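Visitor: Below is a structure I'd like to ask you about.
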Amino acid sequence: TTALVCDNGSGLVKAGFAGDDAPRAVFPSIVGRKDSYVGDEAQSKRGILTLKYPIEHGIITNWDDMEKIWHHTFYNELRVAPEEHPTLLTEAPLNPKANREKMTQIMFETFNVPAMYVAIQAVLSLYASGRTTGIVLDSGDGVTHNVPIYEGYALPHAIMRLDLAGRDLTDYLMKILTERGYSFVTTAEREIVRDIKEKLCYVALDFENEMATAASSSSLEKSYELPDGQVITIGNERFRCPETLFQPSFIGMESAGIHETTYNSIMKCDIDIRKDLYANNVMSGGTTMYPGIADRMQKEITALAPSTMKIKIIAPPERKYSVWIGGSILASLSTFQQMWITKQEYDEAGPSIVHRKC
Amino acid sequence: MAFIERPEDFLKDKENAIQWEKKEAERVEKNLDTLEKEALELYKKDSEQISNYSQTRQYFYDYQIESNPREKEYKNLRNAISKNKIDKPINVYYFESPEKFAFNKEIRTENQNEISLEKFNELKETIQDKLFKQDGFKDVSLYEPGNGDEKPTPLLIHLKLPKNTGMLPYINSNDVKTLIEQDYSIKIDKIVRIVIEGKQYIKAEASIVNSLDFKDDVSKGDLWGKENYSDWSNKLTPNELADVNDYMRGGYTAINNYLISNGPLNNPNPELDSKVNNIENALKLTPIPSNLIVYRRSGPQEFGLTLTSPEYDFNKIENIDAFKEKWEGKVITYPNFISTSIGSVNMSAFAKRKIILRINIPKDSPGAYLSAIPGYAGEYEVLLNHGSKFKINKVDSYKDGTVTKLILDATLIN
Ligand SMILES: NC(=O)c1ccc[n+]([C@@H]2O[C@H](COP(=O)([O-])OP(=O)(O)OC[C@H]3O[C@@H](n4cnc5c(N)ncnc54)[C@H](O)[C@@H]3O)[C@@H](O)[C@H]2O)c1
Ligand SMILES: Nc1ncnc2c1ncn2[C@@H]1O[C@H](COP(=O)(O)OP(=O)(O)OP(=O)(O)O)[C@@H](O)[C@H]1O
Ligand SMILES: C/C1=C/C(=O)O[C@@H]2C[C@@H](CC[C@H](C)/C=C/C=C/CC1)O[C@@](O)([C@@H]1CSC(=O)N1)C2
Ligand SMILES: [Ca+2]
């Protein structure tokens, strides 16, 4: 009777019940090694087992492993039967058509769900704030997209994608902390550094000025207690780390940064809608959580756009779960109920019913 | 006297060449609309900048190109030229810098009268067996420069242009002129030393080779690719489609690193070996159906550099020079399969890459328009076979904002 909402990301699965204000379950999108280990399960067995991420850059790349993640979601995290709940899945922008078909086949043929739907992550996150028009910056653990949306429709020819996100920032922070004189190199240390990143990093409004400041004072230094009680210090690494989003050359990438991809995305849209996009820049996902990121984006887009342009960046406090919340709202809507793909419709039409209806 | 049909080459008959082209200029004025005549008038007044723009316009973001007001002059002038097509071949004459054909020193000084056997042979070795890409608006002559004509360099190009070449005869004050838009590669079939008015010149006997070059017209290139590789998409074995999709889905990194590290010798992995074989076979299934230009934005690592290499700062001329000395005229080989695009436009993912490979692919080369596979059309991708060799014919440079970037004119030679 209650619908499920499963937002499956490169690093984390956010799962719960339509109608709830937050996901009941948030767990790592990993498998170790028929009945092979999943959510944290595959790190406490990291020995005879190596941990594997089935979603890469927002795309499902291993279906056997993804079946295990979905098995874990239904039976272990939510403790429901899939046969008893319509299930809303999320997908990346520009998810290949065959991929969405395979998601649909697995849901009906493997899990025997009574109904399902596949929704675009960025569209859900826009919807969470009550908007159907705007440009979404969705940045997670594995991928960052710019997705312009007009009256509820994503505009696929203007979507920008960067394979630069939270895990890259964590790895970069490990490197530059190691260069400071610490040593962060192992799998466990990567988790520690992710925690340091999530607690102490910020985006500088003026990067070169911030570097000059840190150079000539301890004002920007913070401390962090390691699990064994060692206290360490972090300085300019606090802002060099997320600076990578605006300057991907920091990790050897020669791509545009997130401000430039935002601008590129807007410039690929019809001229008549560009001001609506500038006025509705919405941020979604864990890697948009940095203090200072909205102000910095405002400043960078201001420098690119016409001097008369009115620019607004919307970064809600809940934006780590914006996609999930939008799915919870959507699946609960009266007018959405006609949009579910039923098991009957799947039997009548192929996996390709998912284009008919999603 | 003149015959009632023109020759393919006016040679030294300057008087008839000029009269004939003057008549042609009058005739073509009947077929130009006022926007086209306006475009021509602006060209007479700003030819160098307009020609410069026409050479590098295609390398910027699609929306930057569309927003540039110089597109109007470019398109209108190009249209004016494109539609006066010749009914049979004609030979033209013009001077180039030797640097244009990657001979980066003087053949002789302006003041010198003779050319050494040394320099002649160096020039021959530099420009033989190479296809040099030409772009942009150019003024040419229908007759060979002679005593009392203007002769700015020691290098005279004698070029044969085929039937259906667009040529715009026009008048600029007292002078009769001929405008073309270069859209082809030239091969130097033969060089000869001649004397004109007391000085030795090299006369290069040149012909053209056409290739499809979509430049910034990615829609047109994509339509062409889909037309030629929709069937290909369906004609692969299940193993080949499997191994191909594995490659495109990100398996390329392991597969190509295995190739580059020479794993087939040092670490023979029969699984990978079978994938390489299948993908290669996929690329031989529908060979590239026309001579084709493709574009690749290279990482610096392909040219022995990193982002922090001082030598990667091409804003300094000495680093461009050092790059040319190391790579220009050389053959390079990729043990990996290599991604290229039908389009020349810049894109977010490689917005800052400074080295652009511009590759001439001969008809029937192995290759495939992978973007015909419904999974991912936004690359406009042509995948080239593992172990491909490219001759670097010429290195050019241009400004993208404040950043100097390089264009490597290359030819696939195996
Ligand atoms: N680069 C392009 O212009 C282009 C064109 C079409 C599609 N693509 C797409 O982008 C992705 C491929 O990206 P790519 O081509 O930038 O990555 P790549 O796999 O070709 O290169 C990865 C890294 O290895 C380096 N490299 C590659 N071959 C090398 C060699 N033989 N020696 C030394 N270094 C070498 C590159 O410089 C780069 O740093 C694919 O998804 C593809 O479809 C890229
Ligand atoms: N407060 C924070 N500050 C910075 N980064 C954070 C914060 N909280 C979480 N993150 C990072 O965000 C990422 C997780 O976010 P999210 O769940 O949106 O991504 P995902 O959906 O798993 O991946 P993707 O959307 O790329 O497929 C991790 O890299 C995590 O370290
Ligand atoms: C609170 C939390 C957040 C999180 O986002 O973890 C996700 C999932 C995690 C899986 C690997 C580890 C060992 C097992 C972990 C169980 C984790 C819950 C951890 O790998 C990430 O850490 C990567 C590595 S480091 C980084 O930046 N992304 C992202
Ligand atoms: Ca996500």
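Residue numbering: from 1, along the chain as shown.
Looking at the header, which is where the method is noted, we find X-ray crystallography, 1.8 Å.
Just so you know, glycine gets a Cβ as well, placed from its N, Cα and C.
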Visitor: For the feature tele-methylhistidine in Swiss-Prot, which residue out of A:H57, A:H72, A:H145 does the record point to?
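Guide: Cross-referencing A:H57, A:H72, A:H145 with Swiss-Prot, tele-methylhistidine lands on A:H57.
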Visitor: May I ask you to indicate which of A:212-224, A:225-237, A:316-328, A:342-354 is given in Swiss-Prot as region 'Interaction with alpha-actinin'?
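Guide: My reading of Swiss-Prot: the region 'Interaction with alpha-actinin' range is A:342-354.
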Visitor: Of the residue ranges A:38-51, A:94-107, A:248-261, which one carries the region 'Interaction with alpha-actinin' annotation in Swiss-Prot?
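Guide: Residues A:94-107 are the ones Swiss-Prot records as region 'Interaction with alpha-actinin'.
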Visitor: Given the modified residues A:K45, A:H57, A:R161, state which is nearest to A:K68 (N6-methyllysine) when distance is taken between Cα atoms.
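Guide: The answer is A:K45.
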Visitor: Using DSSP, what's the helix, strand and coil tally for the region 'Interaction with alpha-actinin' (A:342-354)?
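Guide: Residue counts for the region 'Interaction with alpha-actinin' (A:342-354) by secondary structure: 8 helix, 1 strand, 4 coil.
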Visitor: Specify the secondary structure state of A:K68 (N6-methyllysine) as given by DSSP, simplified to three classes.
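Guide: Note: A:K68 (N6-methyllysine) is helical by DSSP.
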Visitor: Which whole-number value in Å describes the separation of the CA atoms of A:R33 and A:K34, between which 12 residues are not modelled?
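Guide: Across the gap, the Cα atoms of A:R33 and A:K34 sit 9 Å apart.
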Visitor: If you count Cβ atoms within 10 Å of each one, which of the modified residues A:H57, A:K68 comes out on top?
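Guide: Of A:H57, A:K68, the one with the most crowded Cβ is A:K68.
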Visitor: What Cα-Cα separation, expressed in whole Å, is found between A:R161 (ADP-ribosylarginine) and A:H57 (tele-methylhistidine)?
Guide: 9
Visitor: If I restrict to non-local contacts, at least six residues apart, and a C-beta distance under 8 angstroms, what lies near A:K45 (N6-malonyllysine) in its own chain?
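Guide: Residues satisfying the criterion: A:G32, A:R33, A:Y37.
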